[PDB]
Amino acid sequence: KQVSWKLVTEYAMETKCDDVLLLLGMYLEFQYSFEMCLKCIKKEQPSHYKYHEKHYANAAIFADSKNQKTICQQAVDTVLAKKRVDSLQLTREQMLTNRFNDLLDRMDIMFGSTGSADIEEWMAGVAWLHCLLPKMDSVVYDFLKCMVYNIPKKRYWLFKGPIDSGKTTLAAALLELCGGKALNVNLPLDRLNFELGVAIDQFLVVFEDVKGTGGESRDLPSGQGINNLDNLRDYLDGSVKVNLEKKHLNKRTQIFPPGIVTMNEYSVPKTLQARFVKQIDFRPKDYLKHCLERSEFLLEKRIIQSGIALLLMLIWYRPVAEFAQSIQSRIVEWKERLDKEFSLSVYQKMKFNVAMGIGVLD
Amino acid sequence: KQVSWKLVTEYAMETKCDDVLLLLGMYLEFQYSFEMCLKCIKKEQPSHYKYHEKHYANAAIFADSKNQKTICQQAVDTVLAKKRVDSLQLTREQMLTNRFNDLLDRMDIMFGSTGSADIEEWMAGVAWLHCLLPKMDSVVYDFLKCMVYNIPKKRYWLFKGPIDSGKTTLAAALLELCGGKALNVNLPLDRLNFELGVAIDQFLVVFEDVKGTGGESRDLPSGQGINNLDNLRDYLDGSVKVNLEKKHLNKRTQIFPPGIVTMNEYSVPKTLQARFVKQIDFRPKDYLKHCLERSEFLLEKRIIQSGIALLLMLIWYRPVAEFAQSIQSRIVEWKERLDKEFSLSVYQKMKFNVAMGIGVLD
Amino acid sequence: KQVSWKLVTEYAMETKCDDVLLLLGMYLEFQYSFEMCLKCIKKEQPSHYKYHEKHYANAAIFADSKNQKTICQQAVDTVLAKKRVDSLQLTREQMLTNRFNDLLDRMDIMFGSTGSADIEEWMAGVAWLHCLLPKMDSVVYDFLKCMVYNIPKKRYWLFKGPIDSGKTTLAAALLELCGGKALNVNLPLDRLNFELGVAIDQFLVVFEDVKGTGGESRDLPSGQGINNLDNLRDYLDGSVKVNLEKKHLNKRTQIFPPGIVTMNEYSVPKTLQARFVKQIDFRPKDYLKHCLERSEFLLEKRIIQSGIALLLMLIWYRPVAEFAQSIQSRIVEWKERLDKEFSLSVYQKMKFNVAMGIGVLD
Amino acid sequence: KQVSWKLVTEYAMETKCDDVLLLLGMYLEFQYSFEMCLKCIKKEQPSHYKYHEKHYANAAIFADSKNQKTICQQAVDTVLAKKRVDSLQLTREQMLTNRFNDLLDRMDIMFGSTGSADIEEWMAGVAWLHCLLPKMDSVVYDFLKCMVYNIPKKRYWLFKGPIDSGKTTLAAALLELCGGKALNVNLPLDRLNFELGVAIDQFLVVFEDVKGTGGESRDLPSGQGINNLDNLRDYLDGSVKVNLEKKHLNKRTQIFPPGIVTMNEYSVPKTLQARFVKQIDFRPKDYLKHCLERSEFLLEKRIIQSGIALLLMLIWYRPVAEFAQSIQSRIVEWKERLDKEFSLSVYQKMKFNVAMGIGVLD
Amino acid sequence: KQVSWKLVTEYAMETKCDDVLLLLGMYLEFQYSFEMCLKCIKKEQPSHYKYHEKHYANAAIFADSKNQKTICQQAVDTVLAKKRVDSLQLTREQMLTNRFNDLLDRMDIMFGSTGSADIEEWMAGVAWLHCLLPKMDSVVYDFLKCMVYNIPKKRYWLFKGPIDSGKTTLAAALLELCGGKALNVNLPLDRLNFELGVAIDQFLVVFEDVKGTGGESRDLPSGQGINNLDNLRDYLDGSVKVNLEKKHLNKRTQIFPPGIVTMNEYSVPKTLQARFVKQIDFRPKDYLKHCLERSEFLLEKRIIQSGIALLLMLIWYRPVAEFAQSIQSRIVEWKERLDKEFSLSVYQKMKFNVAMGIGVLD
DNA sequence: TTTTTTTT
Ligand SMILES: Nc1ncnc2c1ncn2[C@@H]1O[C@H](COP(=O)(O)OP(=O)(O)OP(=O)(O)O)[C@@H](O)[C@H]1O
Ligand SMILES: Nc1ncnc2c1ncn2[C@@H]1O[C@H](COP(=O)(O)OP(=O)(O)OP(=O)(O)O)[C@@H](O)[C@H]1O
Ligand SMILES: Nc1ncnc2c1ncn2[C@@H]1O[C@H](COP(=O)(O)OP(=O)(O)OP(=O)(O)O)[C@@H](O)[C@H]1O
Ligand SMILES: Nc1ncnc2c1ncn2[C@@H]1O[C@H](COP(=O)(O)OP(=O)(O)OP(=O)(O)O)[C@@H](O)[C@H]1O
Ligand SMILES: Nc1ncnc2c1ncn2[C@@H]1O[C@H](COP(=O)(O)OP(=O)(O)OP(=O)(O)O)[C@@H](O)[C@H]1O
């Protein structure tokens with residue numbers, strides 16, 4: 001009796017798996033008796049224990065197959081095709097709406113009955129971020145609109161401030177929220193070709209702390225980052241489709257996605273300054289160090305640098321109407337949970353703790 | 001029973017889909033019962049909702065196949081082969097009349113019963129564009145003619161001027177009209193070969209804001225595109241059918257397309273200066289800026305970037321007889337629709353507001 | 001009758017082999033009779049003698065196969081797929097627990113009846129290592145925790161001091177204790193792309209002997225490793241997923257691992273100094289040298305380089321509670337075995353000899 | 001029944017089609033009933049209507065094939081192999097035969113229905129050139145035979161003349177007529193090796209003018225090209241095969257092609273002078289330049305830079321017997337055309353205007 | 001009837017061939033009638049004449065196969081697989097023992113009844129080599145043990161002395177005896193990367209003729225050799241692994257081999273001096289020069305270059321117990337042959353003749 | 001074949 005390639009394809013689709021080796025490895029686990037499957041019994045990974053019983057019979061036949069890599073390749077191609085279809089047909093707002101549903105599904109696990117992390121430590125992170133900048137949640141909402149609208153040559157925000165000002169942290173949290181990638185531009189112009197190939201078919205890019213020049217006056221070690229970017233004015237502008245690499249693969253032509261750039265304070269030529277729409281300034285604050293020095297669980301669990309914390313911040317602060325119409329129900333549900341789990345006075349206490357630079361909890 | 005590769009290819013031809021993943025993805029959507037297909041019901045995408053009912057049976061059998069990518073390969077190659085054969089056997093006029101028919105087909109939908117575009121917003125775009133330079137439509141006709149005639153060493157026009165002067169904006173609309181390609185050559189000489197590969201079988205090309213030299217006198221940092229163009233002068237002359245390249249494929253002898261260049265004001269070498277039909281200056285004009293600042297929905301919807309605005313402009317400004325012959329029926333049909341929609345007062349009231357710097361729709 | 005590919009995949013899994021040639025070459029040995037197999041009878045090599053008699057009949061049929069490399073390719077893929085799955089799903093603690101289990105398995109062999117090693121020689125090395133720094137075992141525990149926790153920015157330790165202060169000796173031991181590989185970044189900037197590719201999916205990294213510049217005053221030969229490092233600033237921070245490259249392969253995206261930097265007494269930019277948690281300051285000492293001269297069986301058997309030596313140190317000094325819970329069973333048996341062999345007086349006698357600069361043994 | 005691979009290959013040979021996508025594209029068109037075929041009915045392309053009826057039955061079966069691209073690949077190989085075989089049998093006269101037979105077919109466009117500049121203007125260019133210097137038609141036939149005979153040392157002619165002597169304009173027409181390539185030699189020797197390799201396997205070359213070593217003694221730019229050339233002794237002579245050097249590729253070796261040199265009027269060494277077969281000698285003349293200033297459409301059409309004007313000139317002046325035996329059959333036809341087009345008195349009146357300095361077409 | 005792939009693989013294993021083309025061509029020769037085979041009858045190559053009779057039948061079927069290169073690939077894979085198994089599993093003593101067996105086999109041919117060599121001339125070779133240094137046979141035995149033990153730090157030997165004082169002669173014979181490859185470090189650092197790639201999987205390396213700097217004080221050409229070496233202190237001391245790279249290959253990681261460094265009288269930094277176990281002085285001795293001048297068959301047959309001569313020297317001088325236990329039987333057999341064919345007095349006479357600087361033989 | 005190497 002033969003393998004159902006259809007069952008494999010369905011698993012890959014349902015998992016959103018898009019690496020042939022992950023798919024291969026994952027599917028093989030299901031060859032063993034699901035009844036005794038310790039991973040199921042431990043409820044260890046949902047992408048396993050939800051599926052093992054259903055896929056078990058087909059995995060036993062797959063384990064004998066001579067074709068295995070070919071079956072997995074087709075399944076991965078089906079997932080990749082779905083992404084391309086979506087990218088060409090969804091509005092950007094639907095893309096974000098889908099991305100939000102996925103994060104909310106994780107939150108249903110994180111704070112589920114399994115309760116693998118506690119909502120107090122997570123909510124504590126929100127207060128720390130809210131203190132990081134003035135009017136923080138307003139700044140986040142502006143950024144989301146900007147990325148969704150994707151207005152030509154109004155597409156990039158510049159983060160500037162000293163070392164350890166917090167700019168990388170905020171970028172990292174935003175990048176998780178929207179989904180996207182970081183790219184290193186402090187590199188030679190040749191291999192840079194394939195670096196940009198990474199950006200194919202994605203929502204955001206982040207360029208990290210690109211080195212400028214002449215800042216060694218202030219001991220900013222100089223480098224090609226700024227020179228490199230100014231070759232790519234068109235990529236930022238987003239007025240024209242551009243052609244993107246991959247190894248052993250032909251060009252893809254598409255608009256280069258919007259994003260943000262982080263900078264210790266080298267100088268900027270005005271060709272490039274003209275292309276940022278908004279610069280934000282970041283500053284060291286010792287009481288914030290002191291808070292972290294006590295509340296080190298924030299860093300160990302990477303709470304403050306994670307997009308989940310930004311979503312929780314938005315849920316706490318924004319009217320339900322500001323969310324895309326479909327998810328508004330799930331937002332109401334989480335607003336209710338949060339209002340139930342915390343008084344405002346508790347949140348005010350946490351903010352005061354952060355302000356005092358004591359550990360967030362007392 | 002067995003997949004009809006014939007029916008697959010027929011859909012590929014009819015959508016003009018020419019990507020193997022895009023084709024693969026979309027055809028798989030047809031495997032479900034079209035009678036409940038929410039996309040059909042909701043009339044979301046014509047590339048789906050027209051074809052689903054027809055292709056359904058074959059798509060179910062396709063969904064079972066083990067050959068899927070290979071089927072899509074042969075289908076795509078038929079689409080590309082049509083393009084190549086058509087590329088040789090048609091006159092540039094016939095090419096352009098095909099392109100215009102395609103855009104007219106979109107417009108028939110965009111202002112159709114779905115009608116999601118306001119004609120008057122779109123016409124406000126036309127006003128802004130014809131306001132950008134005198135006799136805008138007339139210079140557009142001169143450009144179109146020059147590209148149809150495609151005369152050796154009279155095949156390129158230069159746009160030169162400072163940032164935010166609109167040169168990029170105009171190139172976008174022309175390129176969206178003509179169906180060409182952008183290329184970037186601010187790059188290491190040896191690497192450009194596959195970038196030039198994109199020029200295979202294109203009506204037109206555009207080079208964006210190429211890096212020159214000596215402009216750092218004025219904060220324009222130097223780069224190689226200037227020298228690259230000098231070496232590429234062979235293609236710019238377009239005397240002979242150069243053998244263009246693409247990965248894992250045979251190379252392709254053809255005449256290099258004509259095109260446009262945009263420039264912030266670096267030096268020009270005499271040899272490059274020698275090669276143009278024409279130069280055009282571009283000049284920041286604050287009253288337009290003040291208008292857009294109110295009227296920003298124009299730019300949000302990219303109206304002023306989009307060739308559909310130019311086509312509406314030429315329908316408005318130009319004689320029916322100025323168009324190529326066979327389309328002149330559709331020209332009249334659309335001329336009538338504009339004539340039905342507008343008083344000249346409405347247009348003039350708008351163009352007044354544009355000249356002032358008011359919200360165009362006051 | 002036909003090859004069982006399943007038996008080959010089992011052998012690959014059981015040996016954890018991931019070279020197609022090594023797998024092939026070993027599997028082919030099983031085709032002769034195990035009953036006369038002199039390697040079995042000499043019981044020379046465990047990856048052979050455990051398995052020959054099981055695999056025998058399938059090896060004989062495999063010897064006749066026309067497909068041999070395809071069979072091995074599928075088997076090696078399964079072992080590679082297993083690693084990929086684990087690299088997503090295991091905790092860093094659980095990885096380290098696995099790594100320990102395998103070293104402990106080699107320790108069971110080395111000190112077995114096969115008796116390739118003298119535990120007294122190996123314990124001598126622990127005395128030399130524990131003498132090299134204050135509170136040596138505490139330093140190892142703090143480092144291991146740091147690598148398990150992987151706290152952003154707080155990820156890297158800097159080793160510096162004169163040449164011949166044992167810094168690379170110590171780095172080697174840690175690197176063998178964990179998983180990982182070394183890297184040399186004094187390179188030209190372009191080849192660096194493939195240098196960093198080595199880090200993919202690994203646990204530790206060690207940057208080896210980074211040349212600074214300006215050290216020529218201290219007679220240090222000079223180079224660009226430090227300036228290269230300050231370009232890789234985000235790789236140290238580990239705050240966001242970077243892109244990594246191998247020859248003929250698409251870029252992987254992942255967090256760059258934590259690790260150690262070794263150098264002589266150059267200076268370091270603030271941007272890079274800010275990225276080290278801890279700076280260990282090694283010193284030349286004569287008694288270590290004069291002891292080691294009279295103790296050269298240490299170097300001749302590579303004892304003080306090797307991870308097995310550090311593991312013996314931890315088993316001696318650290319409480320059973322400090323190990324991950326599942327290995328505490330094996331740890332207790334090894335603790336018993338050690339004390340059954342060595343009195344404290346014997347160990348202190350060894351440390352006394354080292355402190356005296358006498359040959360460790362007496 | 002089944003696709004005849006035989007018939008597909010016949011068409012590829014008969015059309016000399018040597019691109020797999022074109023072959024695929026065109027052959028697919030035959031699948032419709034030729035009896036109705038509108039392309040046949042309108043005689044639009046011979047490459048179609050010559051063949052459709054014969055190939056139709058095979059094309060119907062071809063359209064159902066699942067191997068289609070593979071059939072076309074084998075067919076294209078056959079055509080490429082034919083070129084490969086013949087490339088090793090070409091006499092230089094047989095080579096020349098084709099290289100003009102090609103241009104006669106191109107000229108079936110030049111004054112076909114395309115007719116894109118006046119056959120009058122084209123002969124007016126011929127008029128203007130024929131009175132630059134003596135007997136120009138004979139001079140072409142002589143230079144032509146020189147390049148076909150390729151007699152060692154007896155292979156190179158020199159254009160000596162000041163700035164604006166026309167030698168560059170002439171050189172344009174020469175390479176245009178004949179093929180070959182232009183080259184520089186004023187590089188530093190350090191560079192020049194690769195530049196010399198560029199000539200590899202061209203039938204002919206031009207050298208762009210040496211900037212005289214000490215040439216500015218004449219008020220003409222100084223440079224290195226003199227000593228560079230006379231150091232390149234043997235390349236000129238073609239006595240023996242020489243090594244040649246492509247960038248990024250290994251050596252090749254070949255008899256160095258014959259050709260042409262341009263010079264402004266520098267201090268040619270006796271040795272360097274002795275290399276040449278024939279100086280030709282050029283200076284400003286007033287009827288010429290003032291006629292240009294009155295015939296400027298010829299420069300705008302660059303006809304006076306045109307080798308096609310030279311081919312036209314030979315077609316006019318020279319005996320039929322001077323052309324190779326069979327290709328002669330075409331030249332009479334263009335003469336017949338040109339004679340029906342023009343009396344002598346026309347070409348006379350044109351020539352008179354040039355001699356008078358009058359605008360040639362007056 | 002079928003081809004036996006097994007018989008081909010046996011021949012490949014038997015001949016140790018690992019080039020597919022060399023394997024292919026040789027097997028095809030067996031298809032002609034062994035019963036008349038001229039190559040057999042001339043006894044030209046053992047690799048042919050030993051096997052033709054055996055493989056004749058299979059080669060006849062092989063000659064008709066359509067799969068020929070596919071068969072050879074699997075065969076060559078088997079030989080490469082054998083090498084990689086051996087590469088990991090053998091001891092360094094086992095490796096050398098195998099190497100010795102190979103030379104002993106070649107000697108059995110060279111001096112056989114078919115033997116084209118002269119055992120007396122090769123014995124004259126041993127006399128000249130034994131004269132080149134003090135204690136020569138004791139010195140060789142010391143060098144070998146050093147390579148077999150591969151003790152870190154204690155790994156490398158330095159040769160120095162004038163030009164034409166024999167150093168590379170000895171290096172070449174040692175390199176032939178052990179196997180290994182020579183390296184050139186007198187480079188800029190960029191190419192040095194692929195240079196070291198040669199060392200992968202070698203038993204020995206020789207650093208030929210390292211240029212110091214400042215030897216120009218005494219007319220030695222200055223260069224970057226020594227300066228490049230002292231970067232690589234880890235590579236010599238061999239305590240820890242290094243990364244190694246070849247063109248088009250992913251990096252490997254291993255202990256860098258032991259080896260020899262050679263120079264004229266350049267100055268040596270003490271940093272480098274401490275790297276070496278031993279330094280051997282060579283001095284030009286005129287009686288050797290006059291002996292070669294009268295004993296030219298030594299040079300012309302390359303006798304004194306050959307590792308076979310050093311092997312003969314070991315066989316003649318060393319006690320049987322010094323060889324690896326397995327080969328001691330062959331050593332006894334060769335010692336018997338040599339003691340039979342040469343008296344001690346005769347060998348001593350040759351040694352006396354070399355001391356006289358007269359020709360070796362009388 | 002591309003890529004990597006070459007090239008700078
Ligand atoms: N505003 C702040 N005040 C004090 N400490 C801060 C602040 N922001 C960040 N930190 C500390 O700095 C560390 C690094 O933050 P982050 O990487 O976001 O800064 P950055 O300015 O982007 O730095 P860099 O340019 O070096 O990447 C944080 O983990 C936290 O410990
Ligand atoms: N003539 C103009 N006057 C004022 N604003 C202008 C003008 N043209 C363009 N703009 C503004 O400049 C923005 C960018 O226009 P565009 O990219 O076409 O200019 P550009 O001259 O090509 O610039 P750059 O050289 O920086 O790419 C537009 O979105 C619009 O907001
Ligand atoms: N603290 C010490 N005092 C004196 N000698 C030492 C000390 N530590 C190591 N040694 C000696 O130094 C030798 C080399 O050690 P190692 O290679 O680790 O030195 P290193 O200074 O860390 O080297 P590098 O800087 O080149 O990596 C050891 O084999 C030992 O002989
Ligand atoms: N025979 C001629 N008589 C007068 N003017 C001439 C003649 N030939 C060319 N010209 C003038 O010379 C100008 C440049 O022509 P061309 O480049 O062909 O000359 P050249 O001698 O090769 O020049 P250069 O050495 O400067 O490159 C033409 O545009 C024309 O004005
Ligand atoms: N000890 C010696 N006394 C005299 N002549 C010698 C001696 N050794 C070598 N020769 C002569 O020197 C020639 C070259 O020897 P060899 O190539 O080994 O020299 P080298 O000094 O090691 O060279 P290099 O350093 O250039 O590689 C030999 O062929 C022989 O003629």
# chains A, B, ... in the order shown; residues from 1 in each chain; ligands from 1
>>> interface_residues(of="chain F", to="chain B", cutoff="10 Å", atoms="only C-alpha atoms (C1' of nucleotides)", output="ChimeraX atom specification")
/F:1-2,7
>>> write_last_selection(atoms="C-alpha atoms (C1' of nucleotides)", output="mmCIF file, in the first residue's frame")
data_model
loop_
_atom_site.group_PDB
_atom_site.id
_atom_site.type_symbol
_atom_site.label_atom_id
_atom_site.label_comp_id
_atom_site.auth_asym_id
_atom_site.auth_seq_id
_atom_site.Cartn_x
_atom_site.Cartn_y
_atom_site.Cartn_z
ATOM 1 C "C1'" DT F 1 25.475 25.135 -14.109
ATOM 2 C "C1'" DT F 2 26.292 27.896 -10.599
ATOM 3 C "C1'" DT F 7 40.199 39.890 -9.286
#
>>> residues_near_ligand(ligand="ligand 4", cutoff="10 Å", atoms="only C-alpha atoms (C1' of nucleotides) and all ligand atoms", output="PyMOL selection string")
chain D and resi 128-129+131-133+159-173+208-209+220+262-265+282-293+299+304-305
>>> write_last_selection(atoms="N, CA and C atoms", output="CSV table (one decimal), in the first residue's frame")
chain,number,residue,atom,x,y,z
D,128,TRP,N,29.3,61.7,-50.3
D,128,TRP,CA,30.2,62.5,-49.5
D,128,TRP,C,31.5,61.9,-49.1
D,129,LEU,N,31.4,60.5,-48.9
D,129,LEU,CA,32.7,59.8,-48.6
D,129,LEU,C,33.5,59.6,-49.9
D,131,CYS,N,34.3,61.3,-52.2
D,131,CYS,CA,35.1,62.5,-52.5
D,131,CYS,C,35.9,63.0,-51.3
D,132,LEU,N,36.0,62.2,-50.2
D,132,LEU,CA,37.0,62.4,-49.2
D,132,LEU,C,38.4,62.2,-49.7
D,133,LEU,N,38.6,61.1,-50.5
D,133,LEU,CA,39.9,60.7,-51.0
D,133,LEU,C,39.7,59.9,-52.3
D,159,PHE,N,45.7,54.9,-40.5
D,159,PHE,CA,45.1,56.1,-40.8
D,159,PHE,C,45.8,57.2,-40.0
D,160,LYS,N,46.6,58.0,-40.7
D,160,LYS,CA,47.3,59.1,-40.1
D,160,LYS,C,46.6,60.5,-40.5
D,161,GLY,N,46.3,61.3,-39.5
D,161,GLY,CA,45.7,62.5,-39.7
D,161,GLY,C,45.4,63.3,-38.4
D,162,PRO,N,45.2,64.6,-38.5
D,162,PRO,CA,45.1,65.4,-37.3
D,162,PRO,C,43.7,65.2,-36.7
D,163,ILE,N,43.4,65.9,-35.6
D,163,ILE,CA,42.1,66.0,-35.0
D,163,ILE,C,41.1,66.4,-36.1
D,164,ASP,N,39.9,65.8,-36.1
D,164,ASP,CA,38.9,66.1,-37.0
D,164,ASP,C,39.3,65.8,-38.5
D,165,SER,N,40.2,64.9,-38.7
D,165,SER,CA,40.5,64.4,-40.0
D,165,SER,C,39.5,63.4,-40.6
D,166,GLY,N,38.5,62.9,-39.7
D,166,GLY,CA,37.5,62.0,-40.1
D,166,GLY,C,37.9,60.5,-39.9
D,167,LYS,N,39.1,60.3,-39.5
D,167,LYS,CA,39.6,58.9,-39.4
D,167,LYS,C,38.7,58.0,-38.5
D,168,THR,N,38.3,58.6,-37.4
D,168,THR,CA,37.4,58.0,-36.5
D,168,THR,C,36.1,57.7,-37.1
D,169,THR,N,35.5,58.7,-37.8
D,169,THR,CA,34.2,58.5,-38.5
D,169,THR,C,34.4,57.4,-39.6
D,170,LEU,N,35.5,57.4,-40.3
D,170,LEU,CA,35.8,56.3,-41.2
D,170,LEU,C,35.9,55.0,-40.5
D,171,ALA,N,36.7,55.0,-39.4
D,171,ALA,CA,36.8,53.7,-38.7
D,171,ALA,C,35.5,53.2,-38.2
D,172,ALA,N,34.6,54.0,-37.8
D,172,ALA,CA,33.2,53.6,-37.5
D,172,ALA,C,32.6,52.8,-38.7
D,173,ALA,N,32.7,53.4,-39.9
D,173,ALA,CA,32.1,52.8,-41.1
D,173,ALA,C,32.8,51.5,-41.4
D,208,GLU,N,42.3,52.0,-31.5
D,208,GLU,CA,42.1,53.4,-31.2
D,208,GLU,C,43.4,54.1,-30.9
D,209,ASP,N,43.4,55.4,-31.2
D,209,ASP,CA,44.7,56.1,-31.5
D,209,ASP,C,45.6,56.1,-30.3
D,220,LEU,N,49.7,67.5,-29.4
D,220,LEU,CA,48.8,66.4,-29.4
D,220,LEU,C,49.1,65.5,-28.2
D,262,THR,N,44.4,53.6,-36.1
D,262,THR,CA,44.2,55.1,-36.2
D,262,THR,C,45.3,55.8,-35.5
D,263,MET,N,45.7,56.9,-36.0
D,263,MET,CA,46.7,57.8,-35.3
D,263,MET,C,46.4,59.3,-35.6
D,264,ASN,N,46.5,60.1,-34.6
D,264,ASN,CA,46.9,61.5,-34.7
D,264,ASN,C,48.4,61.6,-34.9
D,265,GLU,N,48.8,62.7,-35.5
D,265,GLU,CA,50.0,62.7,-36.3
D,265,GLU,C,51.3,62.7,-35.5
D,282,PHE,N,45.0,61.8,-44.0
D,282,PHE,CA,43.7,62.4,-43.8
D,282,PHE,C,43.9,63.8,-43.2
D,283,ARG,N,43.2,64.8,-43.8
D,283,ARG,CA,43.2,66.2,-43.2
D,283,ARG,C,41.9,66.9,-43.5
D,284,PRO,N,41.6,67.9,-42.7
D,284,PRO,CA,40.4,68.8,-42.9
D,284,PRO,C,40.4,69.4,-44.3
D,285,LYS,N,39.2,69.4,-44.9
D,285,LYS,CA,38.9,70.0,-46.2
D,285,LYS,C,37.6,70.7,-46.1
D,286,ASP,N,37.4,71.8,-46.8
D,286,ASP,CA,36.4,72.8,-46.5
D,286,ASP,C,35.0,72.4,-47.2
D,287,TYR,N,35.1,72.1,-48.5
D,287,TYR,CA,33.8,71.6,-49.1
D,287,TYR,C,33.2,70.4,-48.3
D,288,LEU,N,34.1,69.5,-47.8
D,288,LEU,CA,33.6,68.4,-47.0
D,288,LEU,C,32.8,68.9,-45.8
D,289,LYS,N,33.5,69.7,-44.9
D,289,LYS,CA,32.9,70.1,-43.6
D,289,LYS,C,31.7,71.0,-43.8
D,290,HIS,N,31.8,71.9,-44.8
D,290,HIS,CA,30.7,72.8,-45.1
D,290,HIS,C,29.5,72.1,-45.7
D,291,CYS,N,29.8,71.1,-46.5
D,291,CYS,CA,28.8,70.2,-47.0
D,291,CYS,C,28.1,69.4,-45.9
D,292,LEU,N,28.9,69.0,-44.9
D,292,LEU,CA,28.3,68.3,-43.7
D,292,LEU,C,27.4,69.3,-43.0
D,293,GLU,N,27.9,70.5,-42.8
D,293,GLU,CA,27.1,71.6,-42.2
D,293,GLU,C,25.8,71.9,-43.0
D,299,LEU,N,24.4,63.1,-40.8
D,299,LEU,CA,25.1,62.8,-39.5
D,299,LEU,C,24.0,62.5,-38.5
D,304,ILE,N,27.0,58.6,-42.6
D,304,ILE,CA,28.4,58.8,-43.0
D,304,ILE,C,29.3,58.0,-42.0
D,305,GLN,N,28.9,57.6,-40.9
D,305,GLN,CA,29.6,56.6,-40.0
D,305,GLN,C,29.3,55.2,-40.4
>>> residues_around(residues="region 142-147 of chain A", least_positions_apart="2", cutoff="10 Å", atoms="only C-alpha atoms (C1' of nucleotides)", output="list in words")
residues 92, 93, 96, 137, 138, 139, 140, 149, 150, 151, 154, 155, 156, 157, 174, 177, 178, 203, 204, 257, 258, 259, 260, 277 and 278 of chain A
>>> select_by_dssp(residues="region 43-253 of chain B", states="helix (DSSP H, G or I)", output="JSON, numbers by chain")
{"B": [46, 47, 48, 49, 52, 53, 54, 55, 56, 57, 58, 59, 60, 61, 62, 63, 64, 68, 69, 70, 71, 72, 73, 74, 75, 76, 77, 78, 79, 80, 81, 82, 83, 84, 85, 86, 87, 88, 89, 92, 93, 94, 95, 96, 97, 98, 99, 100, 101, 102, 103, 104, 105, 106, 107, 108, 109, 110, 119, 120, 121, 122, 123, 124, 125, 126, 127, 128, 129, 130, 131, 132, 136, 137, 138, 139, 140, 141, 142, 143, 144, 145, 146, 147, 148, 149, 167, 168, 169, 170, 171, 172, 173, 174, 175, 176, 177, 178, 189, 190, 191, 192, 193, 194, 195, 196, 197, 215, 216, 217, 218, 225, 226, 227, 228, 229, 230, 231, 233, 234, 235, 236, 237]}
>>> calpha_fit_rmsd(fixed="chain B", moving="chain E")
1.7 Å
